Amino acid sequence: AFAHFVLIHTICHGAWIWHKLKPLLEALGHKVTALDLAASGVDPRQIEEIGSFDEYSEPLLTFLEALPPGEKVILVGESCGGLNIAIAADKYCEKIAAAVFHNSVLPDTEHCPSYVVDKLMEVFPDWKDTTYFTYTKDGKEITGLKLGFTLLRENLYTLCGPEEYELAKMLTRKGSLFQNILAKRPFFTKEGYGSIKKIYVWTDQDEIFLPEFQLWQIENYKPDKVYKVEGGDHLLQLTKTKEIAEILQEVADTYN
C-alpha cells in the first residue's frame, strides 16, 4: 500500500536530514512530505522568536490543518521529533494513521511533557563542545544551544560519511529543547496522543540516545510495534536508509 509520510526532523536540524530517505520512499510509490520546523532549515524565523515547543512545532500543525477531511498521514520523527508528534497528535489524531519514532524520544501521558527529556539529560549529561545561551520570550527565559562540531562528528554522525557530516556543519542552526517550558506545559492527553498507534524504531549502536535510555523508554511507555535495526548509528536514515524504508513500508501496510 502507499502512504503519505511526514518526516519530522529534530532541533538544530532541518528537512535536509531526510534528503536520502525521501527519494527512496517515493521510489516505493509513497507521497513524502519533509517539513522545516520553526527557525530550522531554511525557515525564515530565528530561534529567539520561538517561545515553546508548540510554536516550534507550527509548520507541522499547519501542514496537518491543511489536509482535506479523510486524508491520513504517517508521522515519522527522529530524536526530539517525537515531541512534535505528541503535540500534533493532541490536535489532529483523526488525521494520523500511525506515528513512527526513529531513535526518538517517546513522551507519555502519565508524566509531564519534559519527563523523557529530563531522563535523557541524566543518561547523556556531557554534550561536549556544544555551546548555550539565553534569550527571553513571553516572560520566560529560554536556554538556546548550538550543537558542537565534535559532538556531531562523534555521537550523531558517527558512521556517516564525511560528505554527510559536512552538511551538518554547514546547515545545523541555533535551537532549543524548551525543556523548562515543557515542564510547565499541559500533559499530553490520552484521547489524542494516547490513542495513536506508535511504532518505535531504534539501534543499540546510537552514541547519544544510548540503549539504557531507549530501552528505558520502551518499558516506560509500551510501543505498539518495536523494530530494532542492526548496526548503523543515530542517523539511521543516512546509515541504514534502505532498512528504514523497508520498515516504513511494512508500517504503511499495517496502519491506515
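The first residue of the shown sequence is 1; numbering continues from there.
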When the Cα temperature factors in the entry are averaged, is it 107-115 or 147-155 that ends up higher? 107-115
Higher of the two mean Cα B-factors (187-195, 22-30; per PDB record) comes from 187-195
Which is it among 76, 160, 168, 83: the one with the largest CA B-factor in the entry? 160
For residue 179, the third of its chain into which the C-alpha B factor falls: lowest
Per the entry's values, where does residue 138 land by CA temperature factor relative to the rest of its chain, in the lowest, middle or highest third? highest
In terms of the chain's CA B-factor thirds, is residue 61 lowest, middle or highest? lowest
Modelled-residue ranking by C-alpha temperature factor, third containing residue 50: middle
Quick check for you: using the entry's CA B-factors within this chain, is residue 90 in the lowest, middle or highest third? highest
